[PDB]
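Report on the following structure.
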Amino acid sequence: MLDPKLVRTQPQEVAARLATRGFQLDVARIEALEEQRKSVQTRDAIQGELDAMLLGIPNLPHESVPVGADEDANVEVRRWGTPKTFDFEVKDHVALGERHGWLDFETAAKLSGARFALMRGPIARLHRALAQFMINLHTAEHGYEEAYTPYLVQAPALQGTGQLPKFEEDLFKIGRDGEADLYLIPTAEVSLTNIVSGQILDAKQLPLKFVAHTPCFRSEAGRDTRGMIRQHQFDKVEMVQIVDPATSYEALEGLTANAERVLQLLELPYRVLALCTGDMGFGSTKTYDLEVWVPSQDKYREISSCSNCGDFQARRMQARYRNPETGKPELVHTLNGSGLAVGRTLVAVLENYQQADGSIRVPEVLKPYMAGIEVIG
Amino acid sequence: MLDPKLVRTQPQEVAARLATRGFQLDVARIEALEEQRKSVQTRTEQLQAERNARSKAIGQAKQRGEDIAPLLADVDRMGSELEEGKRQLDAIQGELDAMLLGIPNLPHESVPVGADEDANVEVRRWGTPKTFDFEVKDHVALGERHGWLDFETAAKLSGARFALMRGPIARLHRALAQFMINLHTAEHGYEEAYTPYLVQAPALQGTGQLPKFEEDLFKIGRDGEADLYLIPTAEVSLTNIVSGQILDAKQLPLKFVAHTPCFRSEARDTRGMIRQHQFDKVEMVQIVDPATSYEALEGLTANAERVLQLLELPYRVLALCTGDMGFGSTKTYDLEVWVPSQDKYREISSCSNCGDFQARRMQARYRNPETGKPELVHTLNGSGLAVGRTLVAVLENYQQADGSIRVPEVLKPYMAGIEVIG
Ligand SMILES: Nc1ccn([C@@H]2O[C@H](COS(=O)(=O)NC(=O)[C@@H](N)CO)[C@@H](O)[C@H]2O)c(=O)n1
Ligand SMILES: Nc1ccn([C@@H]2O[C@H](COS(=O)(=O)NC(=O)[C@@H](N)CO)[C@@H](O)[C@H]2O)c(=O)n1
Ligand code: NA
Ligand code: NA
């Protein structure tokens with residue numbers, strides 16, 4: 001949610017800033033509900049309608065965010081590594097993995113339908129090695145505290161991070177009789193960020209850094225029909241930060257660097273994109289996407305999204321900290337970033353590390369997790 | 001599913017064996033459906049003989065220049081009744097098929113006959129429960145000390161029977177699951193698998209959770225799509241890898257291991273991590289040659305015990321009696337770990353031989369080398385182990401006087417130098 005004072009004192013400036021995202025602020029309804037409540041007080045229903053409107057408003061993009069309409073207006077800020085030149089015809093992860101039944105889409109389809117995967121033996125072990133390396137890296141070197149969370153949440157947690165009320169269709173819901181319904185988490189951002197909801201933290205507690213390795217579940221309601229790039233279920237190592245508002249934009253640079261370090265250590269060439277106003281997610285003020293080189297596609301493909309949410313989720317969660325200067329409980333800033341989506345890292349590893357015979361070289365950092373295996377197949 | 005020829009021809013012997021589980025087979029309905037089938041079949045055979053003869057008589061009556069109208073009318077009526085006889089036979093078979101899907105497995109002859117859990121026998125025990133020189137604390141008191149085990153934030157997120165773990169306790173829980181998968185893949189001959197955690201109904205019918213135990217599952221309703229269910233155990237996804245297949249006898253045994261979260265509606269243990277809606281479990285599954293399955297069960301049980309022995313957790317092995325078994329099991333061994341604050345052993349694993357019961361439901365077969373004909377395989381599953389319950393056991397058995405937790409030896413390589421928690 002946006003600062004309600006801003007939606008009252010500066011309605012035109014807020015609408016002009018939101019217009020860069022392609023969002024049309026209903027200035028007419030707000031000016032009317034403000035004129036209605038002012039008449040009723042002079043002489044709960046009028047607040048209830050405004051609250052639902054306020055919960056449907058995307059975050060204000062930060063001033064440094066490039067103004068654009070779509071993904072074509074996203075800006076490459078930097079790159080790392082040289083995409084490999086292969087001395088043979090490049091295979092995709094599907095062809096590589098299906099050769100010994102170690103990556104199996106057909107058995108997964110027989111079990112669960114489309115957008116599911118079965119991994120076996122060394123490919124299953126490589127996927128597990130990737131998630132373990134990621135969580136070990138962030139806990140040892142990047143200052144994140146590990147967390148195991150529920151993968152099923154109720155509606156208030158999703159509303160806290162912004163998936164509810166507007167994006168229900170993107171979630172898998174478990175309808176329960178005489179109980180509140182549950183939703184499968186689309187990301188550990190939901191469970192991790194909500195740890196601090198309804199609380200007044202000590203300034204000394206900041207920054208709060210969390211990391212969780214969880215499965216992620218998305219209906220994918222709204223491309224990538226072949227392979228495991230866009231699955232209903234995927235593992236992801238999520239980084240979440242609860243920070244002092246004055247530090248959040250510096251925290252985004254550090255968070256993005258944390259995600260980048262995973263790719264650098266795996267020696268996976270990538271690029272960093274600053275998302276334009278018209279391509280960013282609902283709850284973000286500023287986003288950097290990491291896109292890994294995919295040899296069979298001859299392009300970079302998204303593997304991480306690192307965002308600063310400012311006070312947007314904190315306002316929905318009523319997550320505060322006691323400001324050391326004023327003594328006043330003030331909203332915190334929240335940030336989240338993939339470090340990384342594990343299934344997409346497995347795609348990047350299989351493809352970038354393939355050899356002429358169709359075998360796969362094991363990345364150096366993953367060899368301690370591969371029980372002696374150095375070449376797959 | 002039991003052998004359908006066995007249920008239909010010997011309802012009395014099948015009923016007597018199921019009576020040991022306390023289950024009352026509807027022999028009267030099975031026999032009444034069988035009498036109806038026989039009656040319809042005899043009528044259809046008599047009608048086929050009649051119709052085929054009248055159809056041939058038409059040609060003969062034509063040769064004599066006679067009126068074929070009475071014969072044509074007989075043939076038409078007889079054929080219409082045969083089509084009905086066929087729909088009747090299909091509906092009878094459909095009813096018997098639905099009934100046979102609700103029958104528990106036949107217990108093996110070696111299973112002690114008993115009505116309840118009091119007839120369960122202790123097979124053996126390993127290790128000695130520690131005598132503490134101080135008042136023992138339960139896992140809730142131990143984990144809550146620094147907020148590293150937090151049910152309060154979990155309830156705020158998801159309601160009751162959920163947990164949040166943080167820092168060294170979250171690390172310890174991950175270390176346990178990693179140790180378990182590494183052990184089974186390296187020493188016990190299991191092939192690792194990552195599986196879907198959401199499955200459609202046929203997979204749950206294949207292992208036996210469907211059609212009878214739908215209420216125990218979390219379901220995701222989907223508009224103009226097959227519904228999805230959250231897996232209650234990796235037994236569901238792993239065992240169904242071989243559904244609809246005719247395996248080479250050389251591929252047997254197929255041994256699978258998976259570390260997955262497990263989701264149960266749980267439709268007891270209100271405080272704590274013992275009975276959660278979500279829990280991690282390292283599942284062991286075997287697809288075996290029917291002649292080797294009971295020996296396979298002994299080995300499967302030993303693979304699960306090895307986790308407890310290596311973690312130095314005192315435990316007990318119980319052979320479940322006829323009246324205390326799971327729906328799809330012919331024989332089960334339960335492992336019970338020592339829980340200091342409860343002053344008793346608590347269930348941590350169930351290792352079962354399913355015989356050919358799940359294999360029949362999923363048509364998981366193998367080509368027999370002697371006959372060359374496809375035959376049903378046997379399936380087995382066992383917890384190696386339920387990760388949340390092992391964590392409960394580690395926190396309580398390894399607790400120190402100050403409330404700190406000593407890290408088990410085998411877990412220190414996964415704990416990044418941490419030897420004592422808190
Ligand atoms: N079905 C899918 C959908 C997405 N992903 C991968 O998850 C990343 C994070 O998702 S996010 O939606 O872009 N942001 C988040 O969830 C934030 N919590 C930060 O992680 C994407 O950048 C993509 O690489 C996938 O692998 N399969
Ligand atoms: N809510 C719950 C329910 C159960 N459990 C633990 O799962 C084990 C296996 O479950 S089973 O139902 O007994 N058999 C199976 O699922 C088989 N696939 C073999 O693994 C139990 O022995 C108990 O220790 C828990 O931790 N939390
Ligand atoms: Na994204
Ligand atoms: Na059990």
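Order determines the names: the first chain of the structure tokens is A, the second B, and so forth; residues in each chain are numbered 1 upward, and ligands are numbered 1 upward as they are shown.
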For range 208-218 of chain B, work out the shell of residues within 9 Å, counting only C-alpha atoms and skipping chain neighbours fewer than 4 positions away, then give it as a PDB file with C-alpha atoms, in the first residue's frame.
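In the end it all went to part.pdb:
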ATOM      1  CA  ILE A 174      -6.647 -25.248  -1.032  1.00  0.00           C
ATOM      2  CA  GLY A 175     -10.315 -24.731  -0.224  1.00  0.00           C
ATOM      3  CA  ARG A 176     -11.068 -25.756   3.385  1.00  0.00           C
TER       4      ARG A 176
ATOM      5  CA  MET B   1      -6.482 -54.092  -4.832  1.00  0.00           C
ATOM      6  CA  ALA B  98     -15.596 -49.858  -7.035  1.00  0.00           C
ATOM      7  CA  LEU B 101     -10.955 -50.586  -4.446  1.00  0.00           C
ATOM      8  CA  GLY B 102     -12.179 -50.192  -0.805  1.00  0.00           C
ATOM      9  CA  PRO B 104      -7.522 -53.351   2.715  1.00  0.00           C
ATOM     10  CA  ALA B 201      -5.927 -38.674  -8.512  1.00  0.00           C
ATOM     11  CA  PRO B 202      -4.699 -41.847 -10.489  1.00  0.00           C
ATOM     12  CA  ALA B 203      -1.265 -41.710  -8.651  1.00  0.00           C
ATOM     13  CA  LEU B 204      -3.077 -41.627  -5.239  1.00  0.00           C
ATOM     14  CA  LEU B 228      -4.235 -31.650  -7.836  1.00  0.00           C
ATOM     15  CA  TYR B 229      -3.470 -33.024  -4.408  1.00  0.00           C
ATOM     16  CA  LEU B 230      -0.501 -32.275  -2.188  1.00  0.00           C
ATOM     17  CA  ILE B 231       1.481 -35.472  -1.641  1.00  0.00           C
ATOM     18  CA  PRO B 232       1.037 -36.937   1.916  1.00  0.00           C
ATOM     19  CA  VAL B 236       2.878 -41.653  -3.798  1.00  0.00           C
ATOM     20  CA  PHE B 263       1.158 -32.549   3.600  1.00  0.00           C
ATOM     21  CA  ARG B 264      -1.675 -34.022   5.649  1.00  0.00           C
ATOM     22  CA  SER B 265      -5.093 -32.518   6.620  1.00  0.00           C
ATOM     23  CA  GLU B 266      -4.708 -34.641   9.829  1.00  0.00           C
ATOM     24  CA  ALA B 267      -8.520 -35.268   9.845  1.00  0.00           C
ATOM     25  CA  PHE B 327      -4.626 -50.011   4.336  1.00  0.00           C
ATOM     26  CA  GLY B 328      -2.097 -51.090   1.676  1.00  0.00           C
ATOM     27  CA  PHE B 357      -1.612 -54.558  -3.893  1.00  0.00           C
ATOM     28  CA  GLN B 358      -0.297 -51.172  -5.164  1.00  0.00           C
ATOM     29  CA  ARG B 361      -3.870 -50.697  -8.891  1.00  0.00           C
TER      30      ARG B 361
END
So which residues are near ligand 2, meaning at most 8 Å away with only C-alpha atoms and all ligand atoms counted, given back as a PDB file with N, CA and C atoms, in the first residue's frame?
ATOM      1  N   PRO B 232       0.925 -36.723   0.452  1.00  0.00           N
ATOM      2  CA  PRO B 232       1.037 -36.937   1.916  1.00  0.00           C
ATOM      3  C   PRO B 232       2.384 -37.575   2.313  1.00  0.00           C
ATOM      4  N   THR B 233       3.123 -38.075   1.291  1.00  0.00           N
ATOM      5  CA  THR B 233       4.396 -38.820   1.397  1.00  0.00           C
ATOM      6  C   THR B 233       4.949 -39.007  -0.014  1.00  0.00           C
ATOM      7  N   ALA B 234       6.285 -39.083  -0.174  1.00  0.00           N
ATOM      8  CA  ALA B 234       6.934 -39.359  -1.486  1.00  0.00           C
ATOM      9  C   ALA B 234       6.674 -40.808  -1.940  1.00  0.00           C
ATOM     10  N   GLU B 235       6.076 -41.631  -1.080  1.00  0.00           N
ATOM     11  CA  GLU B 235       5.644 -42.973  -1.455  1.00  0.00           C
ATOM     12  C   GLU B 235       4.718 -42.871  -2.695  1.00  0.00           C
ATOM     13  N   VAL B 236       3.823 -41.875  -2.704  1.00  0.00           N
ATOM     14  CA  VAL B 236       2.878 -41.653  -3.798  1.00  0.00           C
ATOM     15  C   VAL B 236       3.584 -41.379  -5.135  1.00  0.00           C
ATOM     16  N   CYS B 262       5.823 -33.177   3.200  1.00  0.00           N
ATOM     17  CA  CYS B 262       4.655 -34.072   3.223  1.00  0.00           C
ATOM     18  C   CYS B 262       3.504 -33.313   3.854  1.00  0.00           C
ATOM     19  N   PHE B 263       2.327 -33.350   3.214  1.00  0.00           N
ATOM     20  CA  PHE B 263       1.158 -32.549   3.600  1.00  0.00           C
ATOM     21  C   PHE B 263      -0.039 -33.395   3.936  1.00  0.00           C
ATOM     22  N   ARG B 264      -0.561 -33.215   5.150  1.00  0.00           N
ATOM     23  CA  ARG B 264      -1.675 -34.022   5.649  1.00  0.00           C
ATOM     24  C   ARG B 264      -2.696 -33.136   6.358  1.00  0.00           C
ATOM     25  N   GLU B 266      -4.734 -34.064   8.486  1.00  0.00           N
ATOM     26  CA  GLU B 266      -4.708 -34.641   9.829  1.00  0.00           C
ATOM     27  C   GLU B 266      -6.134 -34.716  10.411  1.00  0.00           C
ATOM     28  N   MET B 273       6.015 -30.095  17.310  1.00  0.00           N
ATOM     29  CA  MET B 273       6.369 -30.448  15.936  1.00  0.00           C
ATOM     30  C   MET B 273       6.138 -31.921  15.585  1.00  0.00           C
ATOM     31  N   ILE B 274       5.478 -32.688  16.461  1.00  0.00           N
ATOM     32  CA  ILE B 274       5.266 -34.125  16.252  1.00  0.00           C
ATOM     33  C   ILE B 274       4.211 -34.391  15.168  1.00  0.00           C
ATOM     34  N   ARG B 275       3.066 -33.667  15.200  1.00  0.00           N
ATOM     35  CA  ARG B 275       1.960 -33.885  14.249  1.00  0.00           C
ATOM     36  C   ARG B 275       1.562 -32.610  13.507  1.00  0.00           C
ATOM     37  N   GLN B 276       2.358 -32.271  12.494  1.00  0.00           N
ATOM     38  CA  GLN B 276       2.200 -31.077  11.677  1.00  0.00           C
ATOM     39  C   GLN B 276       1.433 -31.356  10.387  1.00  0.00           C
ATOM     40  N   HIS B 277       0.856 -30.292   9.775  1.00  0.00           N
ATOM     41  CA  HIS B 277       0.177 -30.405   8.481  1.00  0.00           C
ATOM     42  C   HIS B 277       1.246 -30.553   7.389  1.00  0.00           C
ATOM     43  N   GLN B 278       2.453 -30.029   7.658  1.00  0.00           N
ATOM     44  CA  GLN B 278       3.603 -30.070   6.767  1.00  0.00           C
ATOM     45  C   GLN B 278       4.802 -30.594   7.553  1.00  0.00           C
ATOM     46  N   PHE B 279       5.501 -31.574   6.988  1.00  0.00           N
ATOM     47  CA  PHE B 279       6.713 -32.118   7.602  1.00  0.00           C
ATOM     48  C   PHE B 279       7.595 -32.670   6.524  1.00  0.00           C
ATOM     49  N   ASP B 280       8.919 -32.603   6.722  1.00  0.00           N
ATOM     50  CA  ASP B 280       9.874 -33.165   5.769  1.00  0.00           C
ATOM     51  C   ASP B 280      10.061 -34.629   6.088  1.00  0.00           C
ATOM     52  N   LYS B 281      10.203 -35.427   5.044  1.00  0.00           N
ATOM     53  CA  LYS B 281      10.444 -36.843   5.220  1.00  0.00           C
ATOM     54  C   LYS B 281      11.340 -37.382   4.109  1.00  0.00           C
ATOM     55  N   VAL B 282      12.353 -38.169   4.497  1.00  0.00           N
ATOM     56  CA  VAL B 282      13.224 -38.844   3.538  1.00  0.00           C
ATOM     57  C   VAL B 282      12.632 -40.248   3.357  1.00  0.00           C
ATOM     58  N   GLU B 283      11.965 -40.440   2.216  1.00  0.00           N
ATOM     59  CA  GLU B 283      11.254 -41.663   1.859  1.00  0.00           C
ATOM     60  C   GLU B 283      12.082 -42.689   1.071  1.00  0.00           C
ATOM     61  N   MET B 284      12.022 -43.973   1.478  1.00  0.00           N
ATOM     62  CA  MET B 284      12.677 -45.081   0.763  1.00  0.00           C
ATOM     63  C   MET B 284      11.590 -45.942   0.119  1.00  0.00           C
ATOM     64  N   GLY B 326      -1.662 -50.273   8.223  1.00  0.00           N
ATOM     65  CA  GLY B 326      -2.105 -49.377   7.160  1.00  0.00           C
ATOM     66  C   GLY B 326      -2.862 -50.156   6.102  1.00  0.00           C
ATOM     67  N   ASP B 334       7.335 -50.739  12.707  1.00  0.00           N
ATOM     68  CA  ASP B 334       7.389 -49.317  13.074  1.00  0.00           C
ATOM     69  C   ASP B 334       8.643 -49.075  13.905  1.00  0.00           C
ATOM     70  N   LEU B 335       9.318 -47.960  13.668  1.00  0.00           N
ATOM     71  CA  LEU B 335      10.458 -47.575  14.491  1.00  0.00           C
ATOM     72  C   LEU B 335       9.924 -46.494  15.417  1.00  0.00           C
ATOM     73  N   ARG B 346       8.480 -42.875  20.759  1.00  0.00           N
ATOM     74  CA  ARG B 346       7.451 -42.321  19.868  1.00  0.00           C
ATOM     75  C   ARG B 346       7.774 -42.665  18.428  1.00  0.00           C
ATOM     76  N   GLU B 347       6.748 -43.002  17.645  1.00  0.00           N
ATOM     77  CA  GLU B 347       6.864 -43.381  16.236  1.00  0.00           C
ATOM     78  C   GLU B 347       7.686 -42.362  15.425  1.00  0.00           C
ATOM     79  N   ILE B 348       8.637 -42.853  14.608  1.00  0.00           N
ATOM     80  CA  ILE B 348       9.506 -42.035  13.761  1.00  0.00           C
ATOM     81  C   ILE B 348       9.562 -42.591  12.306  1.00  0.00           C
ATOM     82  N   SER B 349       9.094 -43.834  12.110  1.00  0.00           N
ATOM     83  CA  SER B 349       9.091 -44.483  10.796  1.00  0.00           C
ATOM     84  C   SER B 349       8.140 -45.662  10.768  1.00  0.00           C
ATOM     85  N   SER B 350       7.585 -45.955   9.581  1.00  0.00           N
ATOM     86  CA  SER B 350       6.767 -47.135   9.300  1.00  0.00           C
ATOM     87  C   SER B 350       7.359 -47.755   8.041  1.00  0.00           C
ATOM     88  N   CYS B 351       7.810 -49.028   8.104  1.00  0.00           N
ATOM     89  CA  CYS B 351       8.385 -49.745   6.958  1.00  0.00           C
ATOM     90  C   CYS B 351       7.453 -50.882   6.616  1.00  0.00           C
ATOM     91  N   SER B 352       6.901 -50.848   5.410  1.00  0.00           N
ATOM     92  CA  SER B 352       5.888 -51.798   4.984  1.00  0.00           C
ATOM     93  C   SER B 352       6.195 -52.557   3.717  1.00  0.00           C
ATOM     94  N   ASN B 381       7.785 -49.482   1.024  1.00  0.00           N
ATOM     95  CA  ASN B 381       8.089 -48.098   1.359  1.00  0.00           C
ATOM     96  C   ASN B 381       8.421 -48.021   2.835  1.00  0.00           C
ATOM     97  N   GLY B 382       9.252 -47.050   3.192  1.00  0.00           N
ATOM     98  CA  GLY B 382       9.645 -46.858   4.585  1.00  0.00           C
ATOM     99  C   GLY B 382      10.257 -45.509   4.831  1.00  0.00           C
ATOM    100  N   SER B 383       9.971 -44.942   5.997  1.00  0.00           N
ATOM    101  CA  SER B 383      10.509 -43.613   6.356  1.00  0.00           C
ATOM    102  C   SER B 383      11.948 -43.785   6.785  1.00  0.00           C
ATOM    103  N   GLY B 384      12.850 -43.001   6.208  1.00  0.00           N
ATOM    104  CA  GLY B 384      14.268 -43.080   6.588  1.00  0.00           C
ATOM    105  C   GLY B 384      14.955 -41.733   6.769  1.00  0.00           C
ATOM    106  N   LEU B 385      14.391 -40.775   7.544  1.00  0.00           N
ATOM    107  CA  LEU B 385      13.208 -40.837   8.426  1.00  0.00           C
ATOM    108  C   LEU B 385      12.287 -39.621   8.251  1.00  0.00           C
ATOM    109  N   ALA B 386      11.217 -39.505   9.103  1.00  0.00           N
ATOM    110  CA  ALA B 386      10.407 -38.263   9.223  1.00  0.00           C
ATOM    111  C   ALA B 386      11.392 -37.253   9.893  1.00  0.00           C
ATOM    112  N   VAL B 387      11.731 -36.171   9.168  1.00  0.00           N
ATOM    113  CA  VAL B 387      12.788 -35.233   9.570  1.00  0.00           C
ATOM    114  C   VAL B 387      12.407 -34.390  10.791  1.00  0.00           C
ATOM    115  N   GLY B 388      11.181 -33.898  10.839  1.00  0.00           N
ATOM    116  CA  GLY B 388      10.725 -33.105  11.977  1.00  0.00           C
ATOM    117  C   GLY B 388      10.790 -33.870  13.283  1.00  0.00           C
ATOM    118  N   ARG B 389      10.358 -35.151  13.283  1.00  0.00           N
ATOM    119  CA  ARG B 389      10.394 -36.023  14.469  1.00  0.00           C
ATOM    120  C   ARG B 389      11.806 -36.385  14.888  1.00  0.00           C
TER     121      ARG B 389
END
Legend entry - Within 9 Å of residue 174 in chain B using only C-alpha atoms, minus same-chain residues under 4 positions, as a VMD selection string: (chain A and resid 148) or (chain B and resid 169 to 170 178 to 179 387 414)
Output N, CA, C and O atoms for every residue in the selection just made, as a PDB file, in the first residue's frame.
ATOM      1  N   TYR A 148      13.347 -22.253   7.971  1.00  0.00           N
ATOM      2  CA  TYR A 148      12.493 -23.279   7.375  1.00  0.00           C
ATOM      3  C   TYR A 148      11.115 -22.719   7.633  1.00  0.00           C
ATOM      4  O   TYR A 148      10.787 -22.371   8.767  1.00  0.00           O
TER       5      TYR A 148
ATOM      6  N   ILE B 169      18.787 -24.090  14.511  1.00  0.00           N
ATOM      7  CA  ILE B 169      17.765 -25.163  14.528  1.00  0.00           C
ATOM      8  C   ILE B 169      17.290 -25.443  13.089  1.00  0.00           C
ATOM      9  O   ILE B 169      17.201 -26.618  12.731  1.00  0.00           O
ATOM     10  N   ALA B 170      17.072 -24.383  12.240  1.00  0.00           N
ATOM     11  CA  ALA B 170      16.746 -24.579  10.813  1.00  0.00           C
ATOM     12  C   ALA B 170      17.918 -25.331  10.141  1.00  0.00           C
ATOM     13  O   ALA B 170      17.679 -26.269   9.387  1.00  0.00           O
ATOM     14  N   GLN B 178      19.827 -33.884   4.788  1.00  0.00           N
ATOM     15  CA  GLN B 178      20.995 -34.080   3.920  1.00  0.00           C
ATOM     16  C   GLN B 178      21.757 -35.351   4.298  1.00  0.00           C
ATOM     17  O   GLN B 178      22.073 -36.145   3.420  1.00  0.00           O
ATOM     18  N   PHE B 179      21.984 -35.573   5.605  1.00  0.00           N
ATOM     19  CA  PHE B 179      22.652 -36.751   6.156  1.00  0.00           C
ATOM     20  C   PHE B 179      21.899 -38.020   5.737  1.00  0.00           C
ATOM     21  O   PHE B 179      22.531 -38.989   5.289  1.00  0.00           O
ATOM     22  N   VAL B 387      11.731 -36.171   9.168  1.00  0.00           N
ATOM     23  CA  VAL B 387      12.788 -35.233   9.570  1.00  0.00           C
ATOM     24  C   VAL B 387      12.407 -34.390  10.791  1.00  0.00           C
ATOM     25  O   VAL B 387      13.238 -34.209  11.676  1.00  0.00           O
ATOM     26  N   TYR B 414      27.850 -30.761   8.477  1.00  0.00           N
ATOM     27  CA  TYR B 414      26.788 -29.963   7.862  1.00  0.00           C
ATOM     28  C   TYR B 414      26.479 -28.712   8.672  1.00  0.00           C
ATOM     29  O   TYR B 414      25.703 -27.882   8.213  1.00  0.00           O
TER      30      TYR B 414
END
Within 8 Å of chain A, which residues belong to chain B? Use only C-alpha atoms and report them as a PDB file with C-alpha atoms, in the first residue's frame.
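Below is the file selection.pdb, written as the result:
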ATOM      1  CA  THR B 153       4.927 -16.797  13.888  1.00  0.00           C
ATOM      2  CA  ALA B 154       3.925 -19.986  11.997  1.00  0.00           C
ATOM      3  CA  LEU B 157       1.168 -17.131   8.846  1.00  0.00           C
ATOM      4  CA  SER B 158      -0.757 -20.412   8.451  1.00  0.00           C
ATOM      5  CA  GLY B 159      -2.775 -21.293  11.566  1.00  0.00           C
ATOM      6  CA  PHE B 162       2.831 -25.378  11.295  1.00  0.00           C
ATOM      7  CA  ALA B 163       6.349 -24.423  12.369  1.00  0.00           C
ATOM      8  CA  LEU B 164       8.963 -21.788  11.692  1.00  0.00           C
ATOM      9  CA  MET B 165      12.618 -22.757  12.305  1.00  0.00           C
ATOM     10  CA  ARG B 166      15.509 -20.270  12.271  1.00  0.00           C
ATOM     11  CA  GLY B 167      19.322 -20.152  12.432  1.00  0.00           C
ATOM     12  CA  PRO B 168      21.056 -23.183  14.000  1.00  0.00           C
ATOM     13  CA  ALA B 170      16.746 -24.579  10.813  1.00  0.00           C
ATOM     14  CA  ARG B 171      20.371 -25.620   9.922  1.00  0.00           C
ATOM     15  CA  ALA B 186      26.009 -43.897  -0.639  1.00  0.00           C
ATOM     16  CA  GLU B 191      18.707 -43.864  -6.466  1.00  0.00           C
ATOM     17  CA  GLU B 192      17.911 -40.257  -5.646  1.00  0.00           C
ATOM     18  CA  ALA B 193      14.812 -38.576  -7.120  1.00  0.00           C
ATOM     19  CA  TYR B 194      13.282 -35.107  -7.125  1.00  0.00           C
ATOM     20  CA  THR B 195       9.539 -35.456  -7.683  1.00  0.00           C
ATOM     21  CA  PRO B 196       6.368 -33.383  -8.080  1.00  0.00           C
ATOM     22  CA  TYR B 197       4.744 -32.524  -4.706  1.00  0.00           C
ATOM     23  CA  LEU B 198       1.336 -32.100  -6.446  1.00  0.00           C
ATOM     24  CA  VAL B 199      -0.199 -35.162  -8.135  1.00  0.00           C
ATOM     25  CA  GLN B 200      -3.440 -36.053  -9.868  1.00  0.00           C
ATOM     26  CA  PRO B 202      -4.699 -41.847 -10.489  1.00  0.00           C
ATOM     27  CA  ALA B 203      -1.265 -41.710  -8.651  1.00  0.00           C
ATOM     28  CA  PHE B 218      -5.139 -31.272   0.721  1.00  0.00           C
ATOM     29  CA  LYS B 219      -6.796 -30.783  -2.665  1.00  0.00           C
ATOM     30  CA  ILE B 220      -6.401 -27.911  -5.174  1.00  0.00           C
ATOM     31  CA  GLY B 221      -9.689 -27.543  -7.072  1.00  0.00           C
ATOM     32  CA  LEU B 228      -4.235 -31.650  -7.836  1.00  0.00           C
ATOM     33  CA  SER B 237       5.163 -40.031  -6.419  1.00  0.00           C
ATOM     34  CA  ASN B 240       4.068 -44.491  -9.380  1.00  0.00           C
ATOM     35  CA  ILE B 241       7.350 -44.020 -11.396  1.00  0.00           C
ATOM     36  CA  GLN B 278       3.603 -30.070   6.767  1.00  0.00           C
ATOM     37  CA  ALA B 416      29.588 -25.109   9.656  1.00  0.00           C
TER      38      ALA B 416
END
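Going from CA of residue 238 in chain B to CA of residue 367 in chain B covers 20.7 Å.
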